[PDB]
Each structure stands twice: as C-alpha cells, then as structure tokens.
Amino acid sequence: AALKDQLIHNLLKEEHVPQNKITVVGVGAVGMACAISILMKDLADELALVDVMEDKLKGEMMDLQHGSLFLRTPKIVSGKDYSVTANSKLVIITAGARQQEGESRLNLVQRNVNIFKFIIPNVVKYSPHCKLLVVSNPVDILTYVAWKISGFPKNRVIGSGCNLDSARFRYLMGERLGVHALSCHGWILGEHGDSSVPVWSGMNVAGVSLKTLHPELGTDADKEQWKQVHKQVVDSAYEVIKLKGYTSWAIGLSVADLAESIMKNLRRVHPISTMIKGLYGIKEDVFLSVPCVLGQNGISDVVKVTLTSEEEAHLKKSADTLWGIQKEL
C-alpha cells in the first residue's frame, strides 16, 4: 500500500475548523509585505490569499509555501474564490490602484470604490464575524466605504490609517534626538495623507514635553524647523514612490503591528482610522485616525486627546477634506 499508510496510523478523521485564520486580499506589493510580516510574527495558524489573477496568486502562494520549513504557520492557501477566506478572524484589504509619481491618494477613490463594491460583499459572505482592516488608498474613505457596504458595526471596520505616519514621524524624531523610535512618542492624526495633523503638544521622551522645552516646536518661527519633520512625513510616500515606484515594507510591518494587537487582544492604543462622528468637533460620518484601543473586538474605545485649538483646527480641516470626497459617493 501507500507509503503514508505504511508509515502513519491515522487515529482521527478531522474536518478543518480554523482557529486563528487571517486573509489578505490582494497579492500585490502591499499584500505580500503584509503576508510575510504576519508569517514572520506567528500571528495566524492559517493564512489565506485572494486575488483576481490566478497565476500571480498561485505563484505567490507557492513561494511562501516553499519556506514552510522556516515558519510556524502550517496552512497557507489561496484562490480566486472567496470560499478560501471563509471563517477568518481578520481580513486585510490591500486590493486597488496605487499612486503614480506625484498623484494624490485621493485621486484613487473612483477606481478603488468600485473595486470595494466587488470585494467587500464577498469578504462578508464568508467571514461574517471578522474584523476588516482596510489598507487600500485613500484609506480613510475606503474604510468608510467598507463600513457602509459591509453593514458591520463600526468597531469591526478599521483603517490602517496613521499607524504608519506615526511610525515615520517617530523614526525621524529619533534620528534627530539620538534615541530609538520606540522611545520617541508623538502622534500623527487625521487623514493618512496630505492633511495629516502632528500633535506637537503631546510629543515627549520619557514624559518630558518637547514643546515645553522648545516652545517654538511646531511653529514657523522655530529656528530648528521641526515643522519640516512633519512635512517629511507627508512627503515620504511620494519620495519613496519616486525612488522605487511604490512603498511596501513599512506598511507591511505597520499592518502586522495592528494585526498583533487584534489577534492577541492586546488593547494597545494606535492611531488608526475609525468613524469619528460626535467626537473632536466632527458632525459627519467621516473616518480618520485618532488614538484607538485595539483588540480582539476591534476598536473598543477612543482616546480623547487634548488638542490645542490649532491642532483641533487642523483636524477639523482634515475631516472636512475627507467629507468633501465622502459626500459625493
């Protein structure tokens, strides 16, 4: 008989019920950066990949499968049909058009809204209890779209948002100050995009307020021009796009950070995109980034940041920008 039966006595007929399954929609540059970061952080016991082109999809799956010896995720699967995503805890959406050199994320909206009308109903059919983590751009507006299409409560529809902007800001802050980004605390809120809002009043190392030490922090009168650090954050993706054509590694690591807080129910605070109506002075159904408590139920809580009136005004302008696109959909 077969070698497998010569070698192995089967004791147990098992139907596969996945316990810690994550799906990545889209095996482009971002989706595969998300995939490898999730795999190398041991967050899922099953990873499912979905996309619309079957060759690319099978190719990426096999390339990951070939490294199984080096991973601790035993089941990696893929298909064009969303049945392969069934019963995911977390579904990460990365499908969509990306920026050309110099193009605004907001110029992607018509193309990717239409894509979400195809994707989101399919996701929700097969993982009705999942958390949705939207990465595709413009991420704030597409989290809104995923919310309206899915019918999920707002705690379960999350945009990757400014987790990455805040990481970029902290890295640049640490380079100037000579400490690790981990030890530099500062928050970028609002749109993941040109209208993001640096919260100068909250920046600190070891609880020492930087704006107290350096009162011109964040103003145009500042001899050190710390405002150009936030400008570098705004410009960073256009700079990397100009240089290598796209961005991938940093967002993949940022998404895997968020995925860890969800899958392990850490209730860590992250600046991510959520439905902010009734807070921070905002009256419309806009999604933008504020500090959110993130765990196994998604966003359970929002932190109420004490913005200066000018920081509050920048945040309102960010909301108004997003609502100006949102109202046309």
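Residue positions are given as counts along the sequence shown, with the first one as 1.
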- Message: When the Cα temperature factors in the entry are averaged, is it 177 to 185 or 213 to 221 that ends up higher?
- Response: 213 to 221
- Quick one: say whether 227 to 235 or 89 to 97 has the higher mean Cα B-factor in the deposited entry. 227 to 235
- Have a look at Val303, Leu294, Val52, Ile36 and flag the one whose Cα has the highest B-factor in the entry. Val303
- Please pick out which of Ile282, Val290, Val30, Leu266 has the largest Cα B-factor as recorded in the entry. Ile282
- Message: Splitting the chain's C-alpha B-factors into thirds, which one does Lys41 fall into?
- Response: middle
- How does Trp147 rank on Cα B-factor within its chain, lowest, middle or highest third? lowest
- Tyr126's Cα B-factor: lowest, middle or highest third of the chain? middle
- Message: Using the temperature factors of the C-alpha atoms in this entry, rank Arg111 within its chain: lowest, middle or highest third.
- Response: lowest
- Note on the structure: The third of the chain into which the C-alpha temperature factor of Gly278 falls is the highest
